[PDB]
>>> print(open('query10.tsv').read())   # TSV, N, CA, C and O atoms
chain	number	residue	atom	x	y	z
A	12	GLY	N	-31.54	-1.34	-15.18
A	12	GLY	CA	-30.43	-1.76	-14.29
A	12	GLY	C	-29.28	-0.78	-14.41
A	12	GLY	O	-28.13	-1.16	-14.63
A	13	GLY	N	-29.59	0.51	-14.27
A	13	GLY	CA	-28.58	1.56	-14.37
A	13	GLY	C	-27.57	1.45	-13.24
A	13	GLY	O	-26.68	0.60	-13.28
A	14	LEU	N	-27.71	2.30	-12.24
A	14	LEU	CA	-26.80	2.29	-11.09
A	14	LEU	C	-25.36	2.35	-11.54
A	14	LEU	O	-24.79	3.42	-11.68
A	15	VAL	N	-24.78	1.17	-11.77
A	15	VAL	CA	-23.42	1.08	-12.22
A	15	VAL	C	-23.11	-0.33	-12.75
A	15	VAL	O	-23.11	-1.30	-11.99
A	16	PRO	N	-22.82	-0.45	-14.02
A	16	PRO	CA	-22.48	-1.76	-14.64
A	16	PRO	C	-21.06	-2.20	-14.31
A	16	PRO	O	-20.80	-3.38	-14.12
A	17	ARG	N	-20.14	-1.23	-14.28
A	17	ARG	CA	-18.74	-1.53	-13.98
A	17	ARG	C	-17.99	-0.25	-13.65
A	17	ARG	O	-18.25	0.81	-14.23
A	18	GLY	N	-17.05	-0.35	-12.72
A	18	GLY	CA	-16.26	0.81	-12.32
A	18	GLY	C	-15.46	0.50	-11.07
A	18	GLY	O	-14.45	-0.21	-11.12
A	19	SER	N	-15.90	1.04	-9.93
A	19	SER	CA	-15.22	0.82	-8.65
A	19	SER	C	-13.73	1.12	-8.78
A	19	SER	O	-12.92	0.63	-8.00
A	20	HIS	N	-13.38	1.93	-9.78
A	20	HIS	CA	-11.98	2.28	-10.02
A	20	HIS	C	-11.43	3.05	-8.83
A	20	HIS	O	-10.43	2.65	-8.23
A	21	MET	N	-12.07	4.17	-8.50
A	21	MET	CA	-11.63	4.99	-7.38
A	21	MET	C	-11.78	4.25	-6.07
A	21	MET	O	-10.88	4.24	-5.24
A	22	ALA	N	-12.94	3.63	-5.88
A	22	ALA	CA	-13.22	2.89	-4.65
A	22	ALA	C	-12.09	1.92	-4.34
A	22	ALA	O	-11.58	1.89	-3.21
A	23	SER	N	-11.69	1.14	-5.34
A	23	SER	CA	-10.62	0.16	-5.16
A	23	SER	C	-9.39	0.80	-4.52
A	23	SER	O	-8.81	0.25	-3.59
A	24	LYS	N	-9.01	1.97	-5.02
A	24	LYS	CA	-7.83	2.66	-4.51
A	24	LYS	C	-7.92	2.85	-3.01
A	24	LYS	O	-6.94	2.68	-2.29
A	25	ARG	N	-9.11	3.20	-2.54
A	25	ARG	CA	-9.33	3.40	-1.12
A	25	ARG	C	-9.19	2.07	-0.37
A	25	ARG	O	-8.61	2.02	0.72
A	26	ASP	N	-9.73	1.01	-0.95
A	26	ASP	CA	-9.68	-0.31	-0.32
A	26	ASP	C	-8.24	-0.77	-0.19
A	26	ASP	O	-7.85	-1.33	0.83
A	27	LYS	N	-7.44	-0.53	-1.23
A	27	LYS	CA	-6.04	-0.94	-1.22
A	27	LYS	C	-5.31	-0.30	-0.06
A	27	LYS	O	-4.76	-0.98	0.79
A	28	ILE	N	-5.31	1.02	-0.02
A	28	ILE	CA	-4.63	1.74	1.05
A	28	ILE	C	-5.20	1.35	2.41
A	28	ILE	O	-4.46	1.02	3.32
A	29	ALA	N	-6.52	1.41	2.52
A	29	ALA	CA	-7.18	1.06	3.78
A	29	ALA	C	-6.75	-0.33	4.24
A	29	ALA	O	-6.61	-0.57	5.44
A	30	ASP	N	-6.56	-1.23	3.29
A	30	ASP	CA	-6.20	-2.60	3.61
A	30	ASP	C	-4.70	-2.75	3.79
A	30	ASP	O	-4.25	-3.57	4.58
A	31	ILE	N	-3.94	-1.97	3.03
A	31	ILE	CA	-2.49	-2.06	3.08
A	31	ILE	C	-1.94	-1.27	4.24
A	31	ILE	O	-0.95	-1.68	4.86
A	32	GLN	N	-2.53	-0.12	4.50
A	32	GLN	CA	-2.06	0.74	5.58
A	32	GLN	C	-2.15	0.01	6.92
A	32	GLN	O	-1.16	-0.12	7.63
A	33	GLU	N	-3.36	-0.45	7.25
A	33	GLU	CA	-3.57	-1.15	8.51
A	33	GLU	C	-2.76	-2.43	8.55
A	33	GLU	O	-1.91	-2.59	9.42
A	34	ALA	N	-3.01	-3.33	7.60
A	34	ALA	CA	-2.33	-4.62	7.59
A	34	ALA	C	-0.87	-4.45	7.98
A	34	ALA	O	-0.44	-5.07	8.93
A	35	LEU	N	-0.14	-3.60	7.26
A	35	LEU	CA	1.27	-3.39	7.56
A	35	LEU	C	1.47	-2.70	8.91
A	35	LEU	O	2.08	-3.25	9.81
A	36	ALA	N	0.93	-1.49	9.02
A	36	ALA	CA	1.03	-0.74	10.28
A	36	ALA	C	0.71	-1.67	11.46
A	36	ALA	O	1.50	-1.83	12.36
A	37	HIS	N	-0.46	-2.29	11.40
A	37	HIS	CA	-0.90	-3.22	12.44
A	37	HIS	C	-0.28	-4.58	12.24
A	37	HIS	O	-0.88	-5.61	12.59
A	38	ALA	N	0.91	-4.61	11.65
A	38	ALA	CA	1.59	-5.88	11.40
A	38	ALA	C	2.91	-5.94	12.12
A	38	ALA	O	3.13	-6.88	12.89
A	39	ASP	N	3.79	-4.95	11.88
A	39	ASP	CA	5.14	-4.95	12.46
A	39	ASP	C	5.41	-6.23	13.25
A	39	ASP	O	5.71	-6.20	14.44
A	40	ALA	N	5.22	-7.38	12.58
A	40	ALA	CA	5.36	-8.66	13.25
A	40	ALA	C	6.74	-8.80	13.87
A	40	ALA	O	6.87	-9.09	15.06
A	41	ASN	N	7.77	-8.58	13.06
A	41	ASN	CA	9.15	-8.72	13.52
A	41	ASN	C	9.67	-7.42	14.10
A	41	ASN	O	10.88	-7.23	14.19
A	42	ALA	N	8.75	-6.53	14.47
A	42	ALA	CA	9.13	-5.21	15.02
A	42	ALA	C	10.47	-4.77	14.44
A	42	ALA	O	11.41	-4.47	15.18
A	43	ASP	N	10.57	-4.78	13.11
A	43	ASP	CA	11.83	-4.45	12.44
A	43	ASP	C	11.81	-3.02	11.95
A	43	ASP	O	12.87	-2.41	11.77
A	44	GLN	N	10.61	-2.48	11.73
A	44	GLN	CA	10.47	-1.11	11.26
A	44	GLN	C	10.98	-0.96	9.84
A	44	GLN	O	11.08	0.15	9.32
A	45	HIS	N	11.32	-2.09	9.22
A	45	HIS	CA	11.82	-2.08	7.84
A	45	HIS	C	10.86	-2.83	6.94
A	45	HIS	O	9.99	-3.56	7.42
A	46	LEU	N	11.03	-2.66	5.63
A	46	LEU	CA	10.17	-3.32	4.65
A	46	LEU	C	10.93	-4.28	3.78
A	46	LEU	O	11.57	-3.85	2.80
A	47	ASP	N	10.85	-5.56	4.10
A	47	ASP	CA	11.51	-6.59	3.30
A	47	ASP	C	10.48	-7.23	2.39
A	47	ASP	O	9.37	-7.55	2.83
A	48	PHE	N	10.84	-7.42	1.12
A	48	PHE	CA	9.92	-7.99	0.15
A	48	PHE	C	9.07	-9.10	0.73
A	48	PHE	O	7.84	-9.08	0.62
A	49	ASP	N	9.72	-10.04	1.41
A	49	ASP	CA	9.01	-11.18	1.98
A	49	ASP	C	7.79	-10.74	2.78
A	49	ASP	O	6.68	-11.20	2.52
A	50	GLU	N	8.01	-9.86	3.74
A	50	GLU	CA	6.92	-9.38	4.58
A	50	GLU	C	5.84	-8.72	3.76
A	50	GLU	O	4.66	-9.04	3.90
A	51	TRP	N	6.24	-7.80	2.88
A	51	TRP	CA	5.28	-7.08	2.06
A	51	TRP	C	4.52	-8.04	1.15
A	51	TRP	O	3.29	-8.13	1.24
A	52	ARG	N	5.24	-8.74	0.29
A	52	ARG	CA	4.61	-9.65	-0.62
A	52	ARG	C	3.67	-10.62	0.09
A	52	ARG	O	2.51	-10.73	-0.27
A	53	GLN	N	4.19	-11.29	1.11
A	53	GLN	CA	3.41	-12.27	1.84
A	53	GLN	C	2.21	-11.63	2.53
A	53	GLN	O	1.09	-12.15	2.45
A	54	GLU	N	2.46	-10.53	3.21
A	54	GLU	CA	1.41	-9.84	3.92
A	54	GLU	C	0.26	-9.46	2.99
A	54	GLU	O	-0.89	-9.79	3.24
A	55	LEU	N	0.59	-8.74	1.93
A	55	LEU	CA	-0.41	-8.27	1.01
A	55	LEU	C	-1.09	-9.40	0.26
A	55	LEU	O	-2.27	-9.32	-0.07
A	56	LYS	N	-0.33	-10.44	-0.02
A	56	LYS	CA	-0.84	-11.53	-0.81
A	56	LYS	C	-2.11	-12.11	-0.23
A	56	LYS	O	-3.10	-12.30	-0.95
A	57	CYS	N	-2.09	-12.40	1.06
A	57	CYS	CA	-3.24	-13.03	1.70
A	57	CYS	C	-4.48	-12.16	1.62
A	57	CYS	O	-5.59	-12.64	1.88
A	58	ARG	N	-4.29	-10.91	1.27
A	58	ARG	CA	-5.39	-9.95	1.20
A	58	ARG	C	-6.13	-10.07	-0.10
A	58	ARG	O	-6.82	-9.13	-0.52
A	59	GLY	N	-6.02	-11.22	-0.75
A	59	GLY	CA	-6.72	-11.46	-2.00
A	59	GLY	C	-5.94	-10.95	-3.19
A	59	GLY	O	-6.47	-10.87	-4.30
A	60	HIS	N	-4.67	-10.60	-2.96
A	60	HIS	CA	-3.81	-10.10	-4.03
A	60	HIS	C	-2.91	-11.22	-4.53
A	60	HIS	O	-2.55	-12.14	-3.79
A	61	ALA	N	-2.55	-11.15	-5.82
A	61	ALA	CA	-1.69	-12.16	-6.43
A	61	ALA	C	-0.23	-11.86	-6.13
A	61	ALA	O	0.09	-10.86	-5.52
A	62	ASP	N	0.65	-12.75	-6.58
A	62	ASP	CA	2.07	-12.58	-6.35
A	62	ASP	C	2.67	-11.57	-7.31
A	62	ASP	O	3.52	-10.76	-6.93
A	63	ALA	N	2.24	-11.63	-8.57
A	63	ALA	CA	2.78	-10.75	-9.59
A	63	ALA	C	2.22	-9.35	-9.48
A	63	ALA	O	2.94	-8.36	-9.61
A	64	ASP	N	0.91	-9.26	-9.24
A	64	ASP	CA	0.25	-7.96	-9.15
A	64	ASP	C	0.97	-7.04	-8.17
A	64	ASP	O	1.10	-5.84	-8.42
A	65	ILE	N	1.44	-7.61	-7.08
A	65	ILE	CA	2.13	-6.83	-6.06
A	65	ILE	C	3.47	-6.35	-6.57
A	65	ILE	O	4.03	-5.37	-6.04
A	66	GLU	N	4.01	-7.04	-7.55
A	66	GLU	CA	5.31	-6.70	-8.08
A	66	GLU	C	5.31	-5.30	-8.69
A	66	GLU	O	6.21	-4.50	-8.42
A	67	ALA	N	4.31	-5.03	-9.51
A	67	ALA	CA	4.20	-3.73	-10.16
A	67	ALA	C	4.01	-2.62	-9.12
A	67	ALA	O	4.64	-1.57	-9.19
A	68	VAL	N	3.13	-2.88	-8.16
A	68	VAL	CA	2.84	-1.90	-7.12
A	68	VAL	C	4.07	-1.65	-6.27
A	68	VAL	O	4.28	-0.54	-5.80
A	69	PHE	N	4.83	-2.71	-6.01
A	69	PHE	CA	6.01	-2.60	-5.19
A	69	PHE	C	7.14	-2.00	-6.00
A	69	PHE	O	7.72	-0.99	-5.62
A	70	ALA	N	7.50	-2.66	-7.09
A	70	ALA	CA	8.64	-2.23	-7.91
A	70	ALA	C	8.72	-0.72	-8.01
A	70	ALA	O	9.80	-0.14	-7.94
A	71	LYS	N	7.57	-0.08	-8.12
A	71	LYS	CA	7.51	1.37	-8.25
A	71	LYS	C	8.25	2.08	-7.13
A	71	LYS	O	8.37	3.30	-7.15
A	72	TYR	N	8.69	1.31	-6.15
A	72	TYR	CA	9.36	1.86	-4.97
A	72	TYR	C	10.86	1.57	-5.00
A	72	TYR	O	11.59	2.05	-4.13
A	73	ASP	N	11.30	0.78	-5.97
A	73	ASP	CA	12.72	0.46	-6.10
A	73	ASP	C	13.46	1.64	-6.70
A	73	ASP	O	13.22	2.03	-7.85
A	74	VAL	N	14.36	2.23	-5.91
A	74	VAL	CA	15.12	3.37	-6.37
A	74	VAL	C	16.38	2.96	-7.10
A	74	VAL	O	16.67	3.44	-8.19
A	75	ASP	N	17.16	2.07	-6.46
A	75	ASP	CA	18.41	1.60	-7.04
A	75	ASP	C	18.35	0.10	-7.31
A	75	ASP	O	19.34	-0.49	-7.74
A	76	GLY	N	17.20	-0.50	-7.04
A	76	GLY	CA	17.03	-1.93	-7.25
A	76	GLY	C	17.79	-2.72	-6.19
A	76	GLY	O	18.02	-3.92	-6.34
A	77	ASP	N	18.20	-2.03	-5.12
A	77	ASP	CA	18.95	-2.69	-4.04
A	77	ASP	C	18.07	-3.66	-3.29
A	77	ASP	O	18.57	-4.52	-2.56
A	78	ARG	N	16.77	-3.56	-3.51
A	78	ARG	CA	15.82	-4.49	-2.90
A	78	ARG	C	15.85	-4.38	-1.38
A	78	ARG	O	15.69	-5.39	-0.67
A	79	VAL	N	16.05	-3.18	-0.89
A	79	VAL	CA	16.07	-2.94	0.55
A	79	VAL	C	15.53	-1.55	0.85
A	79	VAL	O	16.09	-0.55	0.40
A	80	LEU	N	14.46	-1.48	1.64
A	80	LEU	CA	13.87	-0.20	2.01
A	80	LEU	C	13.55	-0.16	3.48
A	80	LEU	O	12.59	-0.78	3.93
A	81	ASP	N	14.35	0.59	4.23
A	81	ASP	CA	14.15	0.72	5.67
A	81	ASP	C	13.31	1.96	5.96
A	81	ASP	O	12.71	2.55	5.06
A	82	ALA	N	13.27	2.35	7.23
A	82	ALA	CA	12.51	3.53	7.65
A	82	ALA	C	12.88	4.75	6.81
A	82	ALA	O	12.20	5.76	6.84
A	83	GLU	N	14.00	4.64	6.08
A	83	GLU	CA	14.47	5.75	5.28
A	83	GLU	C	13.49	6.10	4.17
A	83	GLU	O	13.01	7.23	4.08
A	84	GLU	N	13.22	5.13	3.31
A	84	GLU	CA	12.31	5.34	2.18
A	84	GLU	C	10.87	5.13	2.62
A	84	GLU	O	9.94	5.56	1.93
A	85	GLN	N	10.70	4.46	3.75
A	85	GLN	CA	9.36	4.15	4.25
A	85	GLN	C	8.54	5.43	4.43
A	85	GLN	O	7.34	5.45	4.18
A	86	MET	N	9.21	6.49	4.89
A	86	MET	CA	8.53	7.76	5.11
A	86	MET	C	7.85	8.23	3.83
A	86	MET	O	6.69	8.63	3.84
A	87	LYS	N	8.59	8.18	2.72
A	87	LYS	CA	8.04	8.61	1.44
A	87	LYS	C	6.77	7.86	1.11
A	87	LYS	O	5.80	8.44	0.64
A	88	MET	N	6.78	6.55	1.38
A	88	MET	CA	5.61	5.73	1.11
A	88	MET	C	4.40	6.24	1.88
A	88	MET	O	3.40	6.65	1.30
A	89	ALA	N	4.49	6.20	3.21
A	89	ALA	CA	3.38	6.63	4.05
A	89	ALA	C	2.95	8.05	3.71
A	89	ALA	O	1.76	8.35	3.67
A	90	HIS	N	3.93	8.91	3.45
A	90	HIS	CA	3.64	10.30	3.13
A	90	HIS	C	2.82	10.41	1.85
A	90	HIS	O	1.81	11.12	1.81
A	91	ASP	N	3.27	9.72	0.81
A	91	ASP	CA	2.59	9.77	-0.48
A	91	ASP	C	1.21	9.14	-0.39
A	91	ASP	O	0.26	9.64	-0.98
A	92	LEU	N	1.12	8.05	0.35
A	92	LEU	CA	-0.15	7.35	0.50
A	92	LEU	C	-1.13	8.15	1.33
A	92	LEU	O	-2.34	7.96	1.22
A	93	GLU	N	-0.60	9.00	2.18
A	93	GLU	CA	-1.43	9.80	3.05
A	93	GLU	C	-2.13	10.90	2.27
A	93	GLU	O	-3.33	11.15	2.45
A	94	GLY	N	-1.37	11.59	1.42
A	94	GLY	CA	-1.92	12.69	0.63
A	94	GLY	C	-2.97	12.18	-0.34
A	94	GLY	O	-4.10	12.68	-0.38
A	95	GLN	N	-2.61	11.16	-1.13
A	95	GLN	CA	-3.55	10.59	-2.10
A	95	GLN	C	-4.83	10.16	-1.42
A	95	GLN	O	-5.92	10.33	-1.97
A	96	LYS	N	-4.70	9.60	-0.22
A	96	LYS	CA	-5.87	9.14	0.51
A	96	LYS	C	-6.79	10.30	0.86
A	96	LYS	O	-8.01	10.19	0.72
A	97	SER	N	-6.21	11.40	1.33
A	97	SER	CA	-6.99	12.55	1.74
A	97	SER	C	-7.83	13.08	0.58
A	97	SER	O	-9.02	13.35	0.73
A	98	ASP	N	-7.19	13.21	-0.58
A	98	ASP	CA	-7.88	13.71	-1.76
A	98	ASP	C	-9.01	12.78	-2.18
A	98	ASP	O	-10.02	13.22	-2.72
A	99	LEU	N	-8.81	11.49	-1.95
A	99	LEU	CA	-9.80	10.50	-2.32
A	99	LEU	C	-10.95	10.45	-1.35
A	99	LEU	O	-12.12	10.41	-1.74
A	100	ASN	N	-10.62	10.43	-0.07
A	100	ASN	CA	-11.63	10.34	0.97
A	100	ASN	C	-12.60	11.50	0.89
A	100	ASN	O	-13.74	11.41	1.33
A	101	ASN	N	-12.13	12.62	0.33
A	101	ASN	CA	-12.95	13.81	0.24
A	101	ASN	C	-14.34	13.49	-0.28
A	101	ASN	O	-15.34	13.66	0.42
A	102	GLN	N	-14.40	13.03	-1.52
A	102	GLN	CA	-15.68	12.72	-2.15
A	102	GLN	C	-16.20	11.37	-1.72
A	102	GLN	O	-17.39	11.21	-1.46
A	103	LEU	N	-15.30	10.39	-1.65
A	103	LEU	CA	-15.70	9.04	-1.29
A	103	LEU	C	-16.33	8.98	0.09
A	103	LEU	O	-17.50	8.61	0.23
A	104	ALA	N	-15.55	9.34	1.10
A	104	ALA	CA	-16.04	9.32	2.47
A	104	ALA	C	-15.15	10.16	3.37
A	104	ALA	O	-13.92	10.14	3.24
A	105	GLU	N	-15.76	10.89	4.29
A	105	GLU	CA	-15.01	11.74	5.21
A	105	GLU	C	-14.01	10.93	6.00
A	105	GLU	O	-14.00	9.70	5.94
A	106	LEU	N	-13.17	11.63	6.77
A	106	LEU	CA	-12.18	10.98	7.58
A	106	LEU	C	-11.51	11.95	8.54
A	106	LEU	O	-11.48	11.72	9.76
A	107	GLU	N	-10.97	13.02	7.99
A	107	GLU	CA	-10.28	14.02	8.80
A	107	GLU	C	-11.24	15.17	9.14
A	107	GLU	O	-11.01	15.83	10.13
>>> encode(input="query10.tsv", output="structure tokens")
Amino acid sequence: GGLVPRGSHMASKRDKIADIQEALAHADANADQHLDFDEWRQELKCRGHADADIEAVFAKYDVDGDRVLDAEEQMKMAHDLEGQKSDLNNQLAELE
């Protein structure tokens, strides 16, 4: 029963972005173009994610702890997520 006993470490990363990128992008429910904790937390949560788990992933984006990130910081997010994705998709699965 070789194959793989446990891992999916890298794969998971792809699933997160793939699931987070679309969900949000294809979400702009309140067409606000901003990222309020409520929307993020709630949106991601239903994706099989817990309430606390998202805290660590999100907090990493708090610059001044002002708890407010508009299109200003949003660019950095998409930008950073885009590069990491490209490097990952390389071996995992094509895309570009």
>>> closest_residue(input="query10.tsv", among="A:35, A:88, A:28, A:80", to="residue 48 of chain A", atoms="only N, CA, C and O atoms")
A:80
>>> atom_distance(input="query10.tsv", atom1="atom CA of residue 79 of chain A", atom2="atom CA of residue 49 of chain A")
10.9 Å
>>> closest_residue(input="query10.tsv", among="A:84, A:107, A:50, A:33", to="residue 72 of chain A", atoms="only N, CA, C and O atoms")
A:84
>>> closest_residue(input="query10.tsv", among="A:73, A:91, A:105, A:98", to="residue 46 of chain A", atoms="only C-alpha atoms")
A:73
>>> select_by_dssp(input="query10.tsv", residues="chain A", states="alpha helix (DSSP H)", output="ChimeraX atom specification")
/A:20-36,48-56,64-70,82-103
>>> atom_distance(input="query10.tsv", atom1="atom C of residue 81 of chain A", atom2="atom C of residue 43 of chain A")
7.9 Å
>>> closest_residue(input="query10.tsv", among="A:71, A:31, A:45, A:40", to="residue 57 of chain A", atoms="only C-alpha atoms")
A:31
>>> decode(input="query10.tsv", residues="segment 30-48 of chain A", atoms="N, CA and C atoms", output="PDB file, in the first residue's frame")
ATOM      1  N   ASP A  30      -9.748  27.675  -4.210  1.00  0.00           N
ATOM      2  CA  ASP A  30     -11.049  27.805  -3.572  1.00  0.00           C
ATOM      3  C   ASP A  30     -11.266  29.211  -3.041  1.00  0.00           C
ATOM      4  N   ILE A  31     -10.184  29.847  -2.605  1.00  0.00           N
ATOM      5  CA  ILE A  31     -10.280  31.178  -2.031  1.00  0.00           C
ATOM      6  C   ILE A  31     -10.314  32.234  -3.112  1.00  0.00           C
ATOM      7  N   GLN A  32      -9.539  32.024  -4.164  1.00  0.00           N
ATOM      8  CA  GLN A  32      -9.469  32.987  -5.246  1.00  0.00           C
ATOM      9  C   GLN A  32     -10.843  33.165  -5.891  1.00  0.00           C
ATOM     10  N   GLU A  33     -11.417  32.057  -6.356  1.00  0.00           N
ATOM     11  CA  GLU A  33     -12.726  32.103  -6.998  1.00  0.00           C
ATOM     12  C   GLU A  33     -13.779  32.583  -6.025  1.00  0.00           C
ATOM     13  N   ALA A  34     -13.956  31.850  -4.925  1.00  0.00           N
ATOM     14  CA  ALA A  34     -14.991  32.187  -3.958  1.00  0.00           C
ATOM     15  C   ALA A  34     -15.079  33.687  -3.772  1.00  0.00           C
ATOM     16  N   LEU A  35     -13.966  34.325  -3.422  1.00  0.00           N
ATOM     17  CA  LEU A  35     -13.966  35.770  -3.209  1.00  0.00           C
ATOM     18  C   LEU A  35     -14.191  36.529  -4.514  1.00  0.00           C
ATOM     19  N   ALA A  36     -13.280  36.344  -5.460  1.00  0.00           N
ATOM     20  CA  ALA A  36     -13.404  36.991  -6.767  1.00  0.00           C
ATOM     21  C   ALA A  36     -14.849  36.864  -7.269  1.00  0.00           C
ATOM     22  N   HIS A  37     -15.323  35.626  -7.344  1.00  0.00           N
ATOM     23  CA  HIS A  37     -16.691  35.344  -7.789  1.00  0.00           C
ATOM     24  C   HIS A  37     -17.675  35.551  -6.662  1.00  0.00           C
ATOM     25  N   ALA A  38     -17.349  36.456  -5.747  1.00  0.00           N
ATOM     26  CA  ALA A  38     -18.224  36.725  -4.610  1.00  0.00           C
ATOM     27  C   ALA A  38     -18.696  38.155  -4.606  1.00  0.00           C
ATOM     28  N   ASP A  39     -17.747  39.109  -4.617  1.00  0.00           N
ATOM     29  CA  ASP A  39     -18.076  40.543  -4.536  1.00  0.00           C
ATOM     30  C   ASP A  39     -19.578  40.748  -4.333  1.00  0.00           C
ATOM     31  N   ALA A  40     -20.118  40.114  -3.283  1.00  0.00           N
ATOM     32  CA  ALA A  40     -21.548  40.168  -3.035  1.00  0.00           C
ATOM     33  C   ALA A  40     -22.018  41.602  -2.887  1.00  0.00           C
ATOM     34  N   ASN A  41     -21.362  42.343  -2.000  1.00  0.00           N
ATOM     35  CA  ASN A  41     -21.746  43.729  -1.742  1.00  0.00           C
ATOM     36  C   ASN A  41     -21.026  44.677  -2.674  1.00  0.00           C
ATOM     37  N   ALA A  42     -20.522  44.150  -3.792  1.00  0.00           N
ATOM     38  CA  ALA A  42     -19.770  44.962  -4.762  1.00  0.00           C
ATOM     39  C   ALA A  42     -19.070  46.122  -4.048  1.00  0.00           C
ATOM     40  N   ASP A  43     -18.300  45.790  -3.009  1.00  0.00           N
ATOM     41  CA  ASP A  43     -17.632  46.810  -2.204  1.00  0.00           C
ATOM     42  C   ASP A  43     -16.185  46.961  -2.622  1.00  0.00           C
ATOM     43  N   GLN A  44     -15.629  45.903  -3.207  1.00  0.00           N
ATOM     44  CA  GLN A  44     -14.244  45.928  -3.653  1.00  0.00           C
ATOM     45  C   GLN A  44     -13.291  45.989  -2.476  1.00  0.00           C
ATOM     46  N   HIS A  45     -13.835  45.850  -1.272  1.00  0.00           N
ATOM     47  CA  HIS A  45     -13.021  45.880  -0.054  1.00  0.00           C
ATOM     48  C   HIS A  45     -13.109  44.544   0.653  1.00  0.00           C
ATOM     49  N   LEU A  46     -12.203  44.328   1.611  1.00  0.00           N
ATOM     50  CA  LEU A  46     -12.169  43.077   2.362  1.00  0.00           C
ATOM     51  C   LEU A  46     -12.431  43.290   3.831  1.00  0.00           C
ATOM     52  N   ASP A  47     -13.666  43.033   4.250  1.00  0.00           N
ATOM     53  CA  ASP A  47     -14.031  43.155   5.660  1.00  0.00           C
ATOM     54  C   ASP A  47     -14.018  41.775   6.287  1.00  0.00           C
ATOM     55  N   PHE A  48     -13.427  41.663   7.477  1.00  0.00           N
ATOM     56  CA  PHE A  48     -13.326  40.386   8.159  1.00  0.00           C
ATOM     57  C   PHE A  48     -14.570  39.536   7.997  1.00  0.00           C
TER      58      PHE A  48
END
